[PDB]
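> sequence and experimental coordinates follow.
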Amino acid sequence: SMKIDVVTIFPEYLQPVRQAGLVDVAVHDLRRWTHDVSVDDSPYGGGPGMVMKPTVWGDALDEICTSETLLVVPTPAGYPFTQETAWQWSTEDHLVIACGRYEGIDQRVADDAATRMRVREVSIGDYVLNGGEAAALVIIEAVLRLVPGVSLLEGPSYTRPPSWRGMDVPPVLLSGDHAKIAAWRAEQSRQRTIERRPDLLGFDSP
Amino acid sequence: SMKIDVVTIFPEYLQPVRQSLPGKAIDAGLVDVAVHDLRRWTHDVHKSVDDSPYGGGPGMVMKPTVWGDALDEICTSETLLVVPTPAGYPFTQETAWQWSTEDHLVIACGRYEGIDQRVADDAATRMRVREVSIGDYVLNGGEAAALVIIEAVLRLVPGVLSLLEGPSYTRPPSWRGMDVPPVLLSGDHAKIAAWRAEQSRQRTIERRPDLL
Ligand SMILES: COc1ccc(Cn2ccc3ccc(-c4cc(N)[nH]n4)cc32)cc1
Ligand SMILES: COc1ccc(Cn2ccc3ccc(-c4cc(N)[nH]n4)cc32)cc1
């Protein structure tokens, strides 16, 4: 049984989550916790863009989080989110995902939170998004498919027809020889991993 | 001026991307994102998109005949065909920069165990094809990856949307007992830059030693 709360100034962007019982996902508009008739301001020390104010975040997380909560904060500067992370988080009772926008969230939000709950700043990959929402969708998908009750690269897969546009399915896959099929698939996976992800086998990246 | 076509059995998944686009960029003809239901190209009354894997094993494989027809209609020789897959080359910021100047991206979103390999291999005989992974975790299908790729690419298209960055701060100067680092309020901008550099170095050592 898992509860996921997602906090964002763009709740509309989290709608793809509908595409249950073991898990509940709830999306909260951060602006719900503002008192004035702005969630951001210029950075101390200077620099381009805006930083999200800690005040609004503090009030939201105060209401949503408990000491048992795992607070997840997507950020390009985070620890890497990997399959290992997904397995680890798959047995959590309560994930709260704080989605930033602009140039990110005042660092004190995570620091304050860490005084009463576990906090994980994470990156989903070495590219830059406009905000945390797409990363939340990735994290939710990767985690939920591992929830109870729900290395090397995978090689190529094939299905019918056995010949298509003059391209034939590798004959071994039609042979019904499980050992020969297992061996060919291993070789394909090895080949693919060396070519595309040599780092996985402890070799230099291109 | 970029056209992005996404092909998926879950077109609703891509709807927020389409709403994420500023009207001014669309009206200026800088960008167009179109989403297509793969089932438009199915052959049968059951609208089948998958079938059992040759050689056996778990799950299902998406049909080459259906995908072949879809890409035949949507792609041209100038298309960059992007195929998310856990077995792909890594998608990075460098990739995003490269793809940001493309006239036409087509993103083919798989589900189940993926797409029959002949689809990409056939397409590669007449257009540029890129199989890519967005990170070292497994998703249920290509749609979330497409969202990530579209966002990362389009935020590099003018006017459409190393070391780690260190912490950032804004008002108020004191909050829940935590003061903004005084150096940031010092007006010594050379010192501030050096402080930020050291914060960056420390964070990179702690979180991403692989970058060093
Ligand atoms: C100053 O450096 C920047 C800091 C933030 C941003 C945009 N942005 C704002 C909030 C936010 C949350 C997560 C992510 C993200 C995470 C990954 N792996 N890629 N992108 C990006 C985010 C741009 C630049
Ligand atoms: C047997 O190995 C598997 C094969 C496919 C799948 C699910 N699936 C189906 C299509 C598809 C497209 C992209 C991705 C993806 C990309 C990244 N970086 N993570 N996950 C995942 C995808 C699961 C496992």
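Structure's in. What do you need? Numbers count the residues shown, from 1 in each chain, chains lettered A, B, ... in the order given. Ligands and ions are numbered 1, 2, ... in the order given.

> let me see the domain layout of chain A.
Using curated CATH domains, the domain ranges for chain A come out as A:1-150, A:151-206.

> who in chain A is up against ligand 1?
Where proximity means CB under 6 Å from any ligand atom, the interface of chain A facing ligand 1 comprises A:74-76, A:100-101, A:103-104, A:123-125, A:127-132, A:135. (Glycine included, C-beta is placed from N, CA and C.)

> now a ChimeraX select for only the buried ones of those residues.
With 16 or more other CB atoms under 10 Å in any protein chain shown as the criterion, this ChimeraX line picks the buried residues out of the residues of chain A next to ligand 1:
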select /A:74,75,76,100,101,103,104,123,124,125,127,129,130,131,132,135
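
> show me the residues of chain A next to ligand 1 that map onto helices.
The members of those that map onto helices under DSSP state H are residue A:135.

> hang on, the earlier thing: return the most buried member of the domains of chain A.
Per-stretch averages of neighbours, counted by mean count of other CB atoms under 10 Å in any protein chain shown, single out domain A:1-150 among the domains of chain A, with a mean of 19.

> that one near ligand 2 anywhere?
No: legend: contact between domain A:1-150 and ligand 2 by CB under 6 Å from any ligand atom is lacking; minimum distance shown is 7.4 Å.

> for the one helix or strand residue A:181 maps to, name the packing helices and strands.
Mapping residue A:181 onto the secondary structure by DSSP states H and E places it in helix A:178-196. Applying 3 or more CB pairs under 8 Å, 6 or more residues apart in numbering or on different chains; DSSP states H and E, one finds that helix A:178-196 makes contact with helix A:172-175, strand B:80-90.

> from the centroid of chain A, which residue is nearest?
What sits nearest the mean C-alpha location of chain A, by CA atoms, centre = their mean, is residue A:139, with 2.4 Å.

> contact partners for residue A:91?
By CB atoms under 8 Å, 6 or more residues apart in numbering or on different chains, the contact list for residue A:91 reads residue A:148.

> state the distance from the residue nearest to the centre of chain A to ligand 2.
Using CB to the nearest ligand atom, to the nearest Å, one gets 12 Å for the distance from residue A:139 to ligand 2.

> what does residue A:116 give?
Here the distance between residue A:116 and ligand 2 works out to 33 Å (CB to the nearest ligand atom).

> enumerate every residue touching that residue.
Listed by CB under 8 Å, 6+ apart, the contact partners of residue A:116 are A:65, A:67.

> if you set the cut-off to 7 Å instead, what comes out?
residue A:67 (CB atoms under 7 Å, 6 or more residues apart in numbering or on different chains).
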